[PDB]
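What follows is a single structure, written as structure tokens, with notes after it.
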Amino acid sequence: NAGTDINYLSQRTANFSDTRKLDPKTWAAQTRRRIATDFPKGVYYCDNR
Amino acid sequence: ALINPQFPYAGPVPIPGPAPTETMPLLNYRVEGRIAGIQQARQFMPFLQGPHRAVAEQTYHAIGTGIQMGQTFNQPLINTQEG
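So the sequence lines, in the order shown, correspond to chains F and M. Positions in the first sequence are counted from 1; adding 297 to them yields the authors' numbering. Residue 20 in the authors' numbering sits at position 20 of the second sequence, with consecutive numbering throughout.
Next up, the structure:
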């Protein structure tokens with residue numbers, strides 16, 4: 298599914314502190330900045346280069 | 001920073017803070033690394049080290065040979081003027 302089955306995604310460290318807790322469309326927005334489009338349905342990407 | 005009396009900025013973040021974790025530890029890395037493949041002394045290239053000629057000069061060899069031979073015709077005798 299295209300994000301509709303997810304509330305949010307995030308990367309979290311040992312203190313419960315989220316560095317990027319985002320709703321699916323906003324998460325996808327960050328990816329659009331990286332590959333100029335979206336990955337296929339249900340595929341989520343995170344850049345930590 | 002500005003502090004305004006009577007609403008003063010708390011004098012600290014106080015003791016009510018929520019310690020969220022004890023994950024503070026970076027476990028030291030211990031490792032042994034070996035890069036040991038047999039090395040062979042040589043690499044192949046198309047060309048290394050050459051300073052190729054952009055133009056050469058003209059170059060040559062040499063020869064001569066023959067003898068001294070001749071057919072001749074002479075001017076006639078003339079009356080001598082003076083002396």
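Ideal placement from N, C-alpha and C gives every residue a C-beta, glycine not left out.
Nearest to residue i by CA position, among the options, is which residue?
| i | options | result |
| --- | --- | --- |
| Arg346 (chain F) | F:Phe336, F:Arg309 and F:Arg331 | F:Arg331 |
| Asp302 (chain F) | F:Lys338, F:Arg329, F:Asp315 and F:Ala311 | F:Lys338 |
| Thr310 (chain F) | M:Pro12, M:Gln71, M:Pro25 and M:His61 | M:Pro25 |
For residue i, decide whether its Cβ has a neighbour in chain M, counting only Cβ atoms nearer than 8 angstroms.
| i | result |
| --- | --- |
| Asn312 (chain F) | yes |
Using a Cβ-Cβ cut-off of 8 angstroms, state whether residue i counts as contacting chain F.
| i | result |
| --- | --- |
| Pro20 (chain M) | yes |
Please state if the CB of residue j and the CB of residue i are separated by a distance shorter than 8 angstroms.
| i | j | result |
| --- | --- | --- |
| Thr323 (chain F) | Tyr342 (chain F) | no |
| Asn304 (chain F) | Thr21 (chain M) | no |
| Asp320 (chain F) | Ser307 (chain F) | no |
| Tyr9 (chain M) | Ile15 (chain M) | no |
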